[PDB]
Each structure stands twice: as C-alpha cells, then as structure tokens.
Amino acid sequence: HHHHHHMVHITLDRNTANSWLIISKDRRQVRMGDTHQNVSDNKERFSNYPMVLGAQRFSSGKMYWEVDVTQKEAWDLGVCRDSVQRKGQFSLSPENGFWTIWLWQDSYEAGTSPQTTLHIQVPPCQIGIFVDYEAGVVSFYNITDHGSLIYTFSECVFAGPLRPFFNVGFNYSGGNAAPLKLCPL
Ligand SMILES: CN1CCCc2ccc(S(N)(=O)=O)cc21
Ligand SMILES: CN1CCCc2ccc(S(N)(=O)=O)cc21
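The rules we used
Residues numbered from 1 in each chain as written, not as in the entry; some residues may be left out. Chains lettered and ligands numbered in written order. Heavy atoms only, no water. Residues with missing side-chain atoms left out of burial classes, pairs and counts. Near = heavy atom within 4 Å. Polar contact = N/O pair within 3.5 Å; in protein donor to acceptor, adjacent residues only side chain to side chain. Areas by Shrake-Rupley, 256 points an atom, 1.4 Å probe, with all protein chains shown as cover. 1 Å grid on protein atoms, 1.4 Å probe; cavity = no way out; pocket = protein on both sides within 12 Å on 5 of 7 lines; lining within 4 Å. Sits in = over half its atoms within 2 Å of the grid points. Nonpolar A, V, L, I, M, F, W, Y, C, P; charged D, E, K, R; others polar. Helix = DSSP H or I, 4+ residues; strand = E, 2+ residues; numbered from the N terminus. Contact = heavy atoms within 4.5 Å. Core = buried A, V, L, I, M, F, W, Y, C linked by side-chain atoms within 4.5 Å. Buried < 20%, exposed > 50% of the residue type's maximum accessible area, 1.4 Å probe, protein only. Points joined across faces, edges and corners; volume = space filled by probe spheres on them.

Structure determination for this PDB entry is given in the record as X-ray crystallography, at a resolution of 1.2000 Å.

Looking up the protein chain in the PDB entry gives the name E3 ubiquitin-protein ligase TRIM21, with the organism given as Mus musculus.

This is the structure we're talking about:
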C-alpha cells in the first residue's frame, strides 16, 4: 500500500477510557491496569470492556495510522461512530457503528456480523489502519509483512463522524498485559 502519506497523529481521549486503563503522558500508549485507576465515572466511558477512543474526529478525506500490538494475546482495533453505545454489553459490528478487526484465542477475525475469519501467515506486530471517508472504505495492513492487506470493509455506511477505536483486551491469562502503542510517523 502507498497510504503512508495520509498519516495522521492520533492521541487517546482519557475521558472515553474504561476506568481500569492507564494512558501514557503523551496520550500515545494504553494498557490494562490491575485495578480501577481512581477516575470519576462519566457517560463517555466504556464500562464493560477495556476500550478507549482517539481524540480526533473524521468526517471527510483519507486518514492513516499505525498501532503496535507486540506480544499481546487479545485486542480489537479500527474506527467507530462518535455515537456508539458506551454502557453495557454489545457486539462489534457495522450495524452497531464499528469497523474493526481483532486477535482472540490465536485467531484473527474481522468484526462483521457474523465475524469473518482472517488469513494472516505472519502474525503482525504493527497494524496499519486506512480510512477513506468519501469512498466508504476501512482497510487494515500487516506492517510486519511488507504492508500486506489483512481486510477491507467496503460500502461502509459511517452515518456520523468517526473516531479511532482501541481495545487492549482483558488480562485473565496474565499473558496480555502489554500496551497498545501509536507508532510514530
Ligand atoms: C471483539 N471480540 C474480541 C474477541 C472475541 C470476540 C467474540 C465475539 C465478538 S462479537 N461478534 O460477538 O462482537 C467479538 C469479539
Ligand atoms: C467486545 N467483546 C464482546 C464480547 C466478546 C468479547 C471478547 C473479548 C473481548 S476483549 N478484546 O476486550 O478481550 C471483547 C469482546
């Protein structure tokens, strides 16, 4: 892919974070803490899952960013509507306003309804996310494997401003404590 030149500087929005997340001072890294992180509750915070949004909102144009997932066992990445549900249980699907992929139990899947099996020969350590608002496209790229395509959602019906979306995953196993990191341009 030659999408690198639409690169955007993403930062995480603390106010949207699940109360157990720890976001770095530069707002470029997030990990699961071992307890509640001593913040007040608010209507923006994802309550049920270790999720957080980017601060940036996109309503036009082409955008690209990269995320480091080194040595994680579980995570979700992509974009979502600004108005997605924050409280209670929900599925990651385009019907619910999410365009995402994930790693879970040693397999990669795209968040369609129902979910789609991905075919990745080289487990990624960094993921590239490309959004073309006008075209209705969200694409994912394997930066570890020379930028190879992972998945494209096309005919997307965004129906609102988009925000970068992150889930660091639970750490029931003790093997998923590592952070998500936004990679430099
Ligand atoms: C997002 N994520 C993480 C890994 C396991 C899993 C299983 C089902 C679903 S779903 N299709 O119900 O949203 C989502 C999901
Ligand atoms: C979002 N969702 C819905 C239910 C299935 C499932 C499983 C694992 C995770 S995760 N990535 O937070 O560990 C999330 C999730």
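1. A short note on the site of ligand 2
In the neighbourhood of ligand 2, the contacting residues comprise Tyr 49, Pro 50, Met 51, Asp 76, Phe 90, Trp 104, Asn 167, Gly 169 and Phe 170. Here a nitrogen atom of ligand 2 and a side-chain polar atom of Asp 76 are 3.4 Å apart. In the model, an oxygen atom of ligand 2 is placed 3.4 Å from a nitrogen or oxygen of the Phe 170 main chain. About the coverage of ligand 2: the protein hides 72% of its 370 Å² of free accessible area. Judged by the proximity of its atoms to the pocket grid, ligand 2 belongs to the largest pocket. The residue inventory of the shell around ligand 2, partitioned by class, reads 6 nonpolar, 2 polar and 1 charged.

2. Points about the environment of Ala 17
When you line up the elements, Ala 17 lands in the segment before β1 (21-23). For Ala 17 and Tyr 64, which are 47 residues apart along the polypeptide, the C-alpha to C-alpha distance reads 22 Å. The residues touching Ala 17, leaving out its near neighbours within four places in the chain, are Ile 23, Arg 45, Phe 46, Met 51 and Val 52.

3. Here we look at the site of ligand 1
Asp 76, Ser 91, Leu 92, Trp 102, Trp 104 and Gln 115 make up every residue found near ligand 1. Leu 92 is positioned such that a nitrogen or oxygen atom in its backbone is 3.1 Å from an oxygen atom of ligand 1. Burial of ligand 1 by the protein amounts to 68% of the accessible area it has alone, namely 380 Å². Cavity membership is defined here by more than half of the atoms lying within 2 Å of grid points; on that basis ligand 1 lies in the largest pocket. For the shell around ligand 1, the per-class residue count stands at 3 nonpolar, 2 polar and 1 charged.

4. Some remarks on the nonpolar core
Across soluble globular proteins, nonpolar side chains show a tendency to be buried alongside one another. Judged by nonpolar contacts, the single largest core of 38 residues is most densely connected at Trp 65, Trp 75, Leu 77, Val 138, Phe 166 and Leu 180. Every residue in contact with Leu 180, bar those within four places of it in the chain, is listed here: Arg 28, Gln 29, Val 30, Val 67, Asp 68, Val 69, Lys 72, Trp 75, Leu 77, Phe 166, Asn 167 and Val 168.

5. So, the layout of surface pockets
If a probe as big as a water molecule is rolled over the atoms, it shows which places are left empty. Considering only enclosed or pocket space, the largest pocket measures out at about 430 Å³ in volume. Lining the largest pocket are 21 residues, and of these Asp 76, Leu 92, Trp 102, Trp 104 and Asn 167 lie nearest its centre. Mapped by element, the contributors of at least two residues to the lining of the largest pocket are β5 (75-81) and β6 (98-104). Of the residues forming the lining of the largest pocket, the biggest block, 3 residues, is contributed by β6. For the lining of the largest pocket, the class distribution of residues is 12 nonpolar, 7 polar and 2 charged.

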